[PDB]
Each structure stands twice: as C-alpha cells, then as structure tokens.
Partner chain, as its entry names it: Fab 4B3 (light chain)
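The chain below stands alone and is given as structure tokens, in the form deposited without the partner chain.
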C-alpha cells in the first residue's frame, strides 16, 4: 500500500514518545469546538478527541500530508448525533504543524434528520512553538521553502522570505493545478499578537491585482519555520439576466515552509 510507513494507526493509538521526531504533539482547538467530539479513523484504528486534546504527530511523516477519515459529533441527552464527515488532513513540520477539513457530507437544512452531500475545504488549527516577537533575529534575511495545499491538491510549492532588519516578509505560491491559486504573497509587516507571537498578515496578488489575504506565524526558537493559510477570492457575474448580480467565492490554501540546511564548515 502507498500509505505503508505513514504511521496513521500509530498516531491514533500510541501515547507521546519523546524519542519521536517533532513536532511531537498538535493541540486540537479550532479543529473541535468545546462540547463536540471529533472521531478520526485510519488503517483499522479509531480515536475520539475533544477541545484541548492533542494528536500524536510524532508518529507521522515530516513534510507530507497525512490523511484520516473524520466524523464530527455532538452528544445530546444520550443521543450521539453526526454534524459532518469527510477527510481530515495533517501537515507536519519540526516546530509547527497544521490541519484541514475536506467535507464530503453535512447536516441537511432542507430535509431535517438527513445528511446531504456537500464538498467544501477549510483550515483547522495552526499549531506549534510560536517565536516571540520580542526575541526575533535582529537582522539578516531567511528564505523558507515548503508546501501549499488546497482541495484535492497537495502539490503546490511555497517560497517565502523574511527580512528581519525591516521586519517584513513576502513570497509566492506555484504549481497548484488551478492557475488563479498561484498567487503572490505581498510584502507585509511582522507584528506581535495578544500572546506576543510573531505574526504576518497581508494581501495576496494575481497579475498585480488584490485577490484576497494571507496570515503566517513564525515558529521555532530560531525562526526556523512559517505556517498559516491564504484565502483567494473570485467574483462571479451573471450573463443571462438583465439584473447584473454577483456572487463571491473563497478558496482556502494551507501553508507551511522551513529554512533548508546550508552547506557549512566547523572551522
């Protein structure tokens, strides 16, 4: 099987082992609200999570997308109810990781009691060892290389550069199947968030026009990694009505990159 060596069942069944390659644990917060249940399943194993529980990413492969079946549930006075089902994706780095949901079924709002087929893709948690804004490198520049992944497309390539003297970053997404998702990530400032985490929020561009927004956290004690997401907006227009109406579509992209080791001497 092509998933041999993926460690999916191991992730669902083993306790934390401090000998495993990091990131060892991914705390679930955005991925499962308080009071709900998230059931994951793969390779014959299953485990249910609540808000604050951690996934054992130490058992998964670095720099790849790991895939699990999921069922989102709530228990209401004795009855276990399905809210949503589909594929749960996890992308692991050494100091950071992220999750995402490919929905396939949701609760039906036109015929109550039923599940209905519906495809949608969203980002879950962005997790890891946040770099403090107040302890960043004081100068120089670093280049990060990694992955951009969206709905049915884990092949995108992320390049991103941070100038620590200017406290600014910029980069680009290449090689996604859908051409309008290969956007530039415009120059944007590093700022501290409410927990002093170093975070970058800016615009995305396509042939020089503004087409949405992105956010990246910086991770690791020495700013080794970036992780976060982008949102690409597309406007759709009527062609067959006298009334000119629009509809806006949003497509989400998960983002993760790392600095590469460079050839060096010890003398």
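Positions refer to the first chain, counted from 1.
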### Higher-B stretch (mean Cα B-factor, as the entry records it), 78 to 86 or 116 to 124
78 to 86
### Task
May I ask you to compare 157 to 165 and 68 to 76 by their mean CA B factor in the entry and name the higher one?
68 to 76
### Query
Which one of 26, 218, 209, 60 shows the biggest C-alpha B-factor in the PDB entry?
209
### Task
Between 242, 54, 201, 31, let me know which has the highest C-alpha B-factor in the entry?
242
### B-factor third for the C-alpha atom of residue 255 within its chain
lowest
### Query
Hey, what third does residue 237 fall into on Cα B-factor, ranked over its chain?
highest
### Query
When the modelled residues of the chain are sorted by Cα temperature factor, does residue 143 land in the lowest, middle or highest third?
middle
#### Entry: B-factor third for the C-alpha atom of residue 106 within its chain
highest
### Query
Within this chain, which third does the Cα B-factor at residue 224 fall in: lowest, middle or highest?
lowest
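Beyond the structure shown, there is the form solved in complex with the partner chain, which is absent from this document and is the topic of what follows.
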### Message
Since only the chain is shown here, I'm wondering whether residue 94 would be in contact with the partner chain in the deposited bound form (any heavy atom pair within 4.5 Å).
### Response
no
### Task
Would you check, heavy atoms only and a 4.5 Å threshold, whether residue 143 touches the partner chain in the deposited bound form?
no
### Message
Using a 4.5 angstroms cut-off on non-hydrogen atoms, would residue 163 count as touching the partner chain in the deposited bound form?
### Response
yes
### Message
Since only the chain is shown here, I'm wondering whether residue 188 would be in contact with the partner chain in the deposited bound form (any heavy atom pair within 4.5 Å).
### Response
yes
